[PDB]
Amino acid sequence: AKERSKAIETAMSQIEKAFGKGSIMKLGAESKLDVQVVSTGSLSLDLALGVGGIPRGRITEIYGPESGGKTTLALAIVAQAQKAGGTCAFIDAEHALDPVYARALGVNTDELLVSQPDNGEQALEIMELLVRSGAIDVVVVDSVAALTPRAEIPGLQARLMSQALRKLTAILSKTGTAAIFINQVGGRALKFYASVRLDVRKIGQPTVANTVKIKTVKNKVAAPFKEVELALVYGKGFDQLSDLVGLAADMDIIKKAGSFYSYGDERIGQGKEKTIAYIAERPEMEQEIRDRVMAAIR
């Protein structure tokens, strides 16, 4: 009646011995897996992701319908990796990157490495060369579908992926490089090699601004199946501050009392609008609350 609760954590261990940490876990368990992260920019999503952002040295797949927020999300991450002093690369087979918007998302466009390959083989190879340099923080692949095989310009891409993803995965596990694959819905190789899989899609009616639900359909670094609903406004992206003020208030990082918000024993505005607007004027403050929240999740 009790030695039962024992056999359970024993099998968990055996399973983790045989297949590694994260191979099996209770959905309500506290993650705590030791991995380096790259924040998405929206702390709630970082919180839902359990470990605080997308895991370095691992593959992350972001999929869903077109206009859903995949590219926005992806860019938000490089913007974050660059602000931390990192170097990112964009492997483009789509030809749709808007730099103006990418800058509106905080991406340093001029320092962004871009490659537009002739074929899927080449793309994966260019991806490998970079990650093998150990000096790249984030590599975004856009997109999985566009990655057509060389000879095709009988199901060789399903194998191209499997073949290269296998090779890429081994080397990547030890580089601190977060590899992001965008998928508009070979994905079967990705489905199993990815450590994280984000389902991104718009919900409801627009307003200029739309709401997009993001679900962690797969997470081998923390409990999966947690979701978040963010606000994606045209030309601006996901409203990170609204997200920040909300989550920091809930964690008591910023004290809220009815409609009154304060930080550091100092009133910073009444109502979310005034308060998110107060932080918007102080980068110092935004950053500090951001690290406080990051640190807390972690």
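Numbers for residues come from their place in the sequence shown, where the first is 1.
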Notebook entry, point to check: Counting only residues from the deposited sequence, how many are left out of the model between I153 and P154 (none, 1 to 3, 4 to 9, 10 or more)?
Noted result: 4 to 9
Next item on the list: Determine, for stretches 156 to 164 and 173 to 181, which one has the higher mean CA B-factor as deposited.
Entry: 156 to 164
Next item on the list: Check the entry's C-alpha temperature factors for 186 to 194 and 137 to 145, then say which stretch has the higher mean.
Entry: 186 to 194
Margin query: In terms of recorded Cα temperature factor, pick the maximum from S31, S67, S39, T60.
Written below: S31
Notebook entry, point to check: Based on the PDB record, which member of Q80, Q205, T87, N108 exhibits the highest Cα temperature factor?
Noted result: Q205
Check: Lowest, middle or highest third: where is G258 by C-alpha B factor in its chain?
Finding: highest
Next item on the list: Using the B-factor values recorded in the entry, state whether the Cα atom of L247 falls in the lowest, middle or highest third among the modelled residues of its chain.
Entry: middle
Notebook entry, point to check: Which third of the chain does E229 land in by C-alpha B-factor: lowest, middle or highest?
Noted result: middle
Note to self: Taking only the Cα B-factors deposited for this chain, tell me whether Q270 sits in the lowest, middle or highest third.
What the structure shows: highest
Checklist line | Chain-relative CA temperature factor third for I276 | finding: highest
